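Novice: Here is the sequence, then the experimental structure:
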Amino acid sequence: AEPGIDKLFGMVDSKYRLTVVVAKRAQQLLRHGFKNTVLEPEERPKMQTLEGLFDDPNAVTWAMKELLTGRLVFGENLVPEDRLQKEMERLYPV
Amino acid sequence: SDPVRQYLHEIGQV
Amino acid sequence: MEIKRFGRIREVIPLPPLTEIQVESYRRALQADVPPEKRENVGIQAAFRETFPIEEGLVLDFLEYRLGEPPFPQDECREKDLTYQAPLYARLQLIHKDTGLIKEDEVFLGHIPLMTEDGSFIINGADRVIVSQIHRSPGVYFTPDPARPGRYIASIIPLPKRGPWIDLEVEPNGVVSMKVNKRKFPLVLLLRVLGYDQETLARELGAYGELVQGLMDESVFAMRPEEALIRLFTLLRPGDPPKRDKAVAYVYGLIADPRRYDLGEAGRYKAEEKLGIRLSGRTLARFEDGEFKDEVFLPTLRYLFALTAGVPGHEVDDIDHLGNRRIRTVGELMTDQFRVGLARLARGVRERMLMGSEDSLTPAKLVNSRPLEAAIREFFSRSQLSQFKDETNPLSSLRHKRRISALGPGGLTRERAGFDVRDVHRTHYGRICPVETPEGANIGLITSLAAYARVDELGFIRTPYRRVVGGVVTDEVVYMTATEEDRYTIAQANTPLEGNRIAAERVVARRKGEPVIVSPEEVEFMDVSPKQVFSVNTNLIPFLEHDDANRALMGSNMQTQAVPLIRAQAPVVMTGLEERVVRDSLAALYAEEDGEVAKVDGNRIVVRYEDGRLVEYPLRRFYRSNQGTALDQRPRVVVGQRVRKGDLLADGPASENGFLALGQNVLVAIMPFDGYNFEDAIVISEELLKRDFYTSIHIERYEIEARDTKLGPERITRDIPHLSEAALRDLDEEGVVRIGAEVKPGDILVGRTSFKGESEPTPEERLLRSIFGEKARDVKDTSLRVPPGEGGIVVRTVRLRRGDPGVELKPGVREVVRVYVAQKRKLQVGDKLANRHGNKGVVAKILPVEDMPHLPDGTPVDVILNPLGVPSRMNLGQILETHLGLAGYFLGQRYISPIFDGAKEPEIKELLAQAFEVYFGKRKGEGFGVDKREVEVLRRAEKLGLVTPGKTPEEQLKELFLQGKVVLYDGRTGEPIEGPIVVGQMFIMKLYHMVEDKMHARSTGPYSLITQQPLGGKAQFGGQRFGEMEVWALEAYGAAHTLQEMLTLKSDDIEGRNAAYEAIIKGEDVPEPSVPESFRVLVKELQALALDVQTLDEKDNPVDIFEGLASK
Amino acid sequence: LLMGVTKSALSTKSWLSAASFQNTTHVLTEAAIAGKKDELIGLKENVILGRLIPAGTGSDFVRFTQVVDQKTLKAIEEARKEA
Amino acid sequence: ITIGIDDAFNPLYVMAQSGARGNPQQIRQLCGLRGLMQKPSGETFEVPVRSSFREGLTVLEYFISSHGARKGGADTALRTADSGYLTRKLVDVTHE
Amino acid sequence: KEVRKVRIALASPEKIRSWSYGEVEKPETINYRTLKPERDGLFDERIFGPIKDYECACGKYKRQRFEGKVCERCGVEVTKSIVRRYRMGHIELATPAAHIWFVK
Amino acid sequence: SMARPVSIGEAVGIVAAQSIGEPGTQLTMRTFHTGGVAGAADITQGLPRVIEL
Amino acid sequence: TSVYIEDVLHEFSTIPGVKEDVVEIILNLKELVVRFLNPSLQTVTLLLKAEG
Amino acid sequence: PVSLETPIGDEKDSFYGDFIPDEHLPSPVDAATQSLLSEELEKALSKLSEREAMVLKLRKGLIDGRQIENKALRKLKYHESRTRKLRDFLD
Amino acid sequence: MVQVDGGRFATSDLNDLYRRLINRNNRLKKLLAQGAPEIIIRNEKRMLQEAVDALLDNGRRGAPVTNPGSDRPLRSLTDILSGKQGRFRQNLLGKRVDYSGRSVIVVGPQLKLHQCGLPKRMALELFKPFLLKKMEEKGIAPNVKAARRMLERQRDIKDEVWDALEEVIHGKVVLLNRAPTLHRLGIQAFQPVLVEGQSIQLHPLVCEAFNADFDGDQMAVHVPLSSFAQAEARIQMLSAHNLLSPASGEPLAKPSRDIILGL
DNA sequence: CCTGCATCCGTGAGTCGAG
DNA sequence: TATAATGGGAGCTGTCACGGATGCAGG
Ligand SMILES: Nc1ccn([C@@H]2O[C@H](COP(=O)(O)CP(=O)(O)OP(=O)(O)O)[C@@H](O)[C@H]2O)c(=O)n1
Ligand SMILES: [Mg+2]
Ligand SMILES: [Mg+2]
Ligand SMILES: [Zn+2]
């Protein structure tokens, strides 16, 4: 099972909302190159390779792990889409 | 019903 | 090793030739070895006799016919993609009525495909088998009216496509009605046409109360047969001008003419036997002395009225009774199509007779054979009853030739087939197998012929019985139909016998199938053998009496799927039928007469018989079968060996010393192992692979052609644009891979180049051209490459070219190349194994020899079966087979245990007792006592009540060994299993389903024309179908984007899929999916139906999904 | 009015759903004559057009949900506080 | 746990009780008797099969069994399409 | 604009003609020798579209620089070949015919 | 499935149809195992009643 | 670990004048027990030439 | 010609036309082929001076779709022998 | 109208129907212009009506139009739209999909409830466009096309690309589906574990829910592409995530067979 | 002529795989 | 481009159960 999945289901009024949130967050992390992450360097998900520990390429794992910490705000009509896009393009350019 | 039989009927009129 | 056999029943007669249902039939139909004047009225002779003479003037008549020799032998037909056939010549004579001039000639009608020695055909290079077709035997039957309780329906049935069915009924109002071509009319009228008068019908039919009164119509008798004929003609043919000769022609063609209406000889015989009359012809009525003379109708109506009246001696006909159902064999099925093509040929003859010069014409200019050739070719190619031969192992072919189908032309259609049709009739006894039949949609429709069963000239299945006279069983053997069988009280074959006298006071017997206990004085006949009740395959299952029918079915069907193994062994416990199967399959090679072996080679065997003549038998070596299994013969004799008549020379595929070897004999233990055998899964030993058990050779054929194109010709060449020497390494000078080269997926089997289409190179391509500096090449690389997941060693190559002697391809084709590539497949995880008792499972694990459970003396088991498979399936045979196997392991001997006369429990107890001495006493002589572990196991067994407490450990180990259970040590721990485990030799086969063939995966690939969706199948490198129900699954999960991906990006959305692939290879997220192409196809197809389908926005304005492409 | 599953399924307001079940010719003639509009309410209709099904993560309820980190939230809040 | 022919804490009893596999009727057929059979018409044979799979069946008894055996076999291969049709109809009516 | 609706209705002959890029006259498919679409045939490029992307039947204009241009020689519009899956043709009947769906 | 209130947006109809249909189809293709049995053969006589309703 | 035979291209061949096929011959060669007297010796090619 | 609806198998299940691929429409890997080709050609053209860029791209038709010519030819021969990675596009 | 592999031609029946219609319309026009009698024009118009009938719906009225020397009724537009093989049921409500595969199933006992054994050979093809980009991110290939051309020959495949594939599938899940799919549990999401060999390893506990046994049943695999589809698959469709039957609410993944036996 | 029952006609009849 | 010729031919037969319309005898 996904780590702490019960808690994640606890956070939302509908499981599908959790899925949407995780997906969107993953897309945000992909677009900005994990620059906008709410995770500390030691909280970062890791992947074991032939060499050693590297950054976990999976954006969904990242998104769920972030979502577990409570450092993210999710809901409906938080901010107009365009303004969000532009602000995040300022804070974390591609 | 059958087109051919109908044509053969219309032909037997003349 | 010694073969010890059981059973108290002595089989009086051997098995009839197993393939005779094909051979005897087709030989009967061709009559090639019978002199033309001594030929009978059956077969293509019959067809010629019915078709000719052809009149209208000129009269063309049939004199004789002959079959020539095959222009090519079987093997050459197989290689060159030809048909094994004989030329058919026909001597006919043109006779002028006026002139009297008689011009006689022999015209060539084309070729008739010939049946091989084993009973198959070669059609276009491929081995095929014509499957025998069961159907309702023509005749006159009487069945109760489903709606009306006290009334009956008479039915007059001819052969299929031999003319119309006719139904005679007694209507509520009392009049007798007749149905022909879905039209009801009073029978009185037709009877008046036949010449019947009120006097005749009154005196004949008067004995039944009021029945005849409905047949009485005063207005009908008021008119002579002519007015009745024209009246009937206007009834059956409205709108048709009622000319007299037209009515005569119609009624004659319908009810009379033998060239149109034809009963079978079975139909004639059944009509005679039932109605109690004598038919002149095979037709319902005759045209004689210029009038209509009845044959069938009056006796039929008589029987109908007698039955309705309740007159004793009249019964309804069970139509599923095997006396009312017959088999159309290969001869009949071919003969009918020959007849069709012959009648068409006749139409051509008349058509060419009316035209042209009436003076100069010859049978050569009259006769066009094309319709006949086309009829026969269409039959042997595109018929449902013509099936691609299953040669997987000899038993596959043998069974395939014995198949019986209710499907195909003239027979049932699916969802025309009720439960009655599919049922097992009491008359199937000794005739059709109650067990063997497919699972699924075809159950009851496809069946198999019983072992001792025979099909007579009439098409009815007959089974042998033994005459019993006054408690004395004679050796007289009578082959009976079902009808004949119903007449006698037939005792069972297992009834006690002292000599030929019945030894029991009470004997089990059958009267019309009904089981009954009788006295020996009442026994009229007796069953030959239990073996006659079941098919060949079902007869190969030992302890079948201990198996449930449902699993026995699967065990029976899976032997057909067994792959030939290089190490193949005959079963430890056989049924005694294992040799006859190999013999009659003609897989093995046998010595004709007595003699001495001159030469023994891998490729050939030379024998000098008593005659002194030198006979050389070439051996078939590494020949790929239809199913891709290697079929090759290996020599079983040595130089100078003295051989008798029928002695074994070479062993065929899946054969050991003339015995049928479908698999290996392995040492198995029945016990759960770490969930690796969980749910039918199977654990095997690596030592099975070490010694090459379950290892099979498979050869695949790859083919490629180079033809002429309007853009210029393709050609096979070693010169392939833009390829390294590493790629062209194994290619010879001609461009074809060398023999003995290893090939892996991606490797080139045959190099080929094709001229590119008219091509406008994009500026980028031109840039690359200039950049590399090498000029653009006219051709492109089309070469045949090894498909994914396939490969092997190239064993053979074949090259057919245009302009080569004896070589002619299809029009336009320059050359054709075949490459035969072979591989040696071991047993791997994912491969399917099965025993003969219906226990099937996939190998889920291959353990090293140290992990495997082992006997105290160090012997590890080969296979670990799960006991959880046993109790639900109720097949106990595999248990017993194991027990008798265990003894057979230690006593070093095989066994023959015939079905239903077997080795019983006490015998196997004795054998196990004898084997226990070799198993233990050896240890006691080696200076070894009982192990501590064995003591513990014996303690647990004492608590289990498996041994009697207080006895010495040896006695208890014996008591366990007599139960077929032994002490087993866990390979990993060394600690014994906490209880005794059943261990012993079982016969297991590797089936044709191997994970190596079945594994498939696709990222992107070829797409369909119209739908622009991925193709299907592994062969096409297609995608898996996501159907309605899978979509339902995703919907129920509520995964929207996954589903949308399935419906757009992953299938038909072209922009979406291109952009998706491009986004994935760039490392970005997949794009938003757009409108799927199939919906566009739907819209345009709806438009072609003149319906406008508009996609709209929320404001009710048109939205264009064609992006302005379809709008002017 | 009580009617069985089949007639109830053919009587639905969506012609795209009905025509994909049974009696396609009947459904399509009736609809084409009536000039029926499909509002794409149900699953089958959207599945045919390859749209996002109005259920699960395609539900209008949960599909408009936004996710934002605190930095961006307070930043947009500063941009709002400014003007 | 193992299956010998002599079983008829017994493995069959264990597997049937625990729910691992098997049910009492199948066990009874393995051990005590097969029981009455069915003529294809739906009628019943007067002679019950007195054999058990351990004892082994006579050819006659086997042939008697084959009737009901195939009657059952045809049902599963026919009636199945009737069920999937129902399911599809249900989906079609409830999908929105 | 996102598609929110799908409307189905009868098509007037005028609408059917407003769909068509030309009338299909000859009952011909392709030339036996050239295997090219026959003129005014079921496959004709002058109606439905170019077989190959941005090229006419004669070959006067082979590039993308011409789009929407109808070659005066072979009468073929130069565009993407995909339009052969879209653009409708039509047949003008001498006598009207009853759509069987609304009859039977 | 989750032992808790249904999540909004779940497709209820499909789940219902599947939940009703599944046992019908499964029980149909299961093996009959004759003997000790008579009459209408359980599942096969039950189903046409369901379809009747 | 390996077998070479004169005038034999692959494992699926047959040799004229020989009863066994190549596969069976190799199967027999697998049962061959070879003992190295020299600890350091890792590999040996055995030669066989026979006729008649 | 033969019909695409020619029945394959004994049943009503599949048609002969379901086994025929579409050789016209480029598979995603082909569109990606054109894309990657134009991309690699654009990025490896760094050698180009501007005049030789416009004139040599007019030579190969990379602009409007249709002495310095020689120097550009020679420079392209120079950069071909360089990275040795463009072989893949050349089939 | 398309040339097949063999150089021969394949064509739709709609072309033949359209041919009939066009021919009869032309003949009707010519007969009109030439002042044909009544009966002739009548029969011609009838034939035209039956040609339009044949085109739109074939076999609807009268005997169905067939090809010469053939009993096969031609396929009209109506036949295309409706039916089990019809455009709706076949090509719309369900489709054949890319990024999919299938194989024989074998039981790994050793898998966790959320895992399934995925053959390397399969995952190679399934995940291919990701593996290409990964091979580009490392020094395994010069670029994407080089990487793809590299995997075409099996002997051209080295060891490092396998580790690249290991890096590719990390955290991701696939979908296992066994036909028939009776309820929504006929498809479940599993985090794949690359295995040697050609068979899919399936966890014992999901068997009962799949109604899958080891006698040779096969399963199909699918790869959700998007971060969204992956989110849906992992959160909603994970095997370990659905432990109870949506039908009865009772556990659908429970000890069975050998497990119950041992316990 | 209005109601009711008998009869005709059209419409359906599980999934995936392989051929 | 000219003796005269003047109404076709195959048929596919052993399912079963339904909704809706259409028709006929009866109250
Ligand atoms: N036509 C078919 C045939 C089979 N199947 C599926 O394959 C499974 C095994 O059937 P099966 O016949 O191979 C064994 P089973 O019926 O379970 O008897 P047993 O337990 O004593 O071994 C069934 O449960 C169906 O889900 C199908 O969907 N369609
Ligand atoms: Mg199974
Ligand atoms: Mg089962
Ligand atoms: Zn042009």
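Specialist: Perfect, thanks for sending it. Residues are numbered from 1 along each chain as shown, chains lettered A, B, ... in the order given. Ligands and ions are numbered 1, 2, ... in the order given.
Novice: Assign a three-state SS to the most centrally placed residue in chain A, would you?
Specialist: The C-alpha lying nearest the average C-alpha coordinate of chain A belongs to residue A:63 (C-alpha atoms, centre = their mean; 2.6 Å). Secondary structure assignment for residue A:63 (DSSP: H, G, I helix; E, B strand; the rest coil): helix.
Novice: now residue G:25
Specialist: Classified using three-state DSSP, residue G:25 is helix.
Novice: any idea how far it lies from residue I:24?
Specialist: 42 Å (C-beta to C-beta, to the nearest Å). Every residue, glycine included, has its C-beta placed from N, CA and C.
Novice: and these two? which has more neighbours close in?
Specialist: Ranked by neighbour count (other C-beta atoms under 10 Å in any protein chain shown), residue G:25 and residue I:24 place residue G:25 first, with 21 against 14.
Novice: ok, the more buried one touching residue J:186?
Specialist: No - contact status for residue G:25 versus residue J:186: not in contact, 11.4 Å apart, counting by C-beta atoms under 8 Å.
Novice: which residues do these two both contact?
Specialist: Taking C-beta atoms under 8 Å, 6 or more residues apart in numbering or on different chains as the contact rule, the neighbours common to residue G:25 and residue J:186 are residue J:180.
Novice: and the closest residue to chain C within chain H, what is it in contact with?
Specialist: Closest residue of chain H to chain C, C-beta to the nearest C-beta: residue H:9 (3.1 Å). Contacts for residue H:9 (C-beta under 8 Å, 6+ apart) come out as C:739-740.
Novice: Against residue C:340, how distant is it?
Specialist: 51 Å.
Novice: so residue C:969 makes contact with residue C:932?
Specialist: No - counting by C-beta under 8 Å, residue C:969 stays clear of residue C:932, with 11.8 Å between them.
Novice: In terms of packing, which of those two has more residues around it?
Specialist: residue C:969 (21 against 8).
Novice: Look up phi and psi at that one.
Specialist: phi -100, psi 130 (degrees, to the nearest 10).
Novice: partner residues bridging it?
Specialist: residue C:854, residue C:976 (DSSP bridges).
Novice: Please enumerate the strands of chain D.
Specialist: With DSSP state E as the criterion, chain D has strands at D:37-38, D:66-69.
Novice: how about JSON lines for these, with distance to chain E and mean neighbour count added?
Specialist: Below are the strands of chain D laid out as JSON lines (distance: least, C-beta to the nearest C-beta, whole Å; neighbours: other C-beta atoms under 10 Å in any protein chain shown):
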{"stretch": "strand D:37-38", "distance to chain E": "11", "mean neighbour count": "22"}
{"stretch": "strand D:66-69", "distance to chain E": "28", "mean neighbour count": "20"}
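Novice: Chain A: which of the ones you listed is closest?
Specialist: Short answer: strand D:66-69, nearest of the strands of chain D by C-beta to the nearest C-beta, at 4.7 Å.
Novice: hmm, who's touching the lengthiest helix in chain J?
Specialist: Taking DSSP state H as the criterion, chain J has its longest helix at helix J:13-33. Applying C-beta under 8 Å, 6+ apart, the contact partners of helix J:13-33 are F:24-27, F:29, F:42, F:91, F:93-95, I:3-5, J:1, J:40-41, J:44-45, J:47-48, J:51-52, J:54-55, J:58, J:65, J:67, J:74-77.
Novice: quick one on the thing from earlier: wait, doesn't the residue nearest to the centre of chain A sit right on residue A:22?
Specialist: Yes - under the criterion of C-beta under 8 Å, residue A:63 makes contact with residue A:22 at 4.7 Å.
Novice: anything in contact with each of these two?
Specialist: residue J:231.
Novice: any chance you could map the helices in chain D?
Specialist: For chain D, the helices defined by DSSP H occupy D:5-10, D:15-18, D:24-34, D:43-48, D:70-82.
Novice: Buried residues, the longest one. List them.
Specialist: I take that to be helix D:70-82. For helix D:70-82, the neighbour count (16 or more other C-beta atoms under 10 Å in any protein chain shown) marks D:72-73, D:75-76 as buried.
Novice: before we move on, what about the shortest one?
Specialist: By neighbour count, with 16+ other C-beta under 10 Å as the criterion, the buried positions of helix D:15-18 are D:15-18.
Novice: quick one: which of those is nearest to residue F:13?
Specialist: For the buried residues of helix D:15-18, the minimum distance to residue F:13 (C-beta to C-beta) is 23.2 Å, reached by residue D:15.
Novice: Could you check how far the closest one is from chain B?
Specialist: Using C-beta to the nearest C-beta, to the nearest Å, residue D:15 is found at 34 Å from chain B.
Novice: again, but for residue C:116
Specialist: 47 Å.
Novice: now do residue C:1045
Specialist: 51 Å.
Novice: Would you agree that residue falls within a helix?
Specialist: Yes - under three-state DSSP, residue C:1045 falls within a helix.
Novice: what's the closest non-adjacent residue to residue C:767?
Specialist: Nearest non-adjacent residue to residue C:767, counting by C-beta to C-beta, 6 or more residues apart in numbering or on different chains: residue I:60, 4.5 Å away.
Novice: ugh, wrong one, I meant residue C:29
Specialist: The spatially closest residue to residue C:29, leaving aside those adjacent along the chain, is residue C:331, at 3.1 Å (C-beta to C-beta, 6+ apart).
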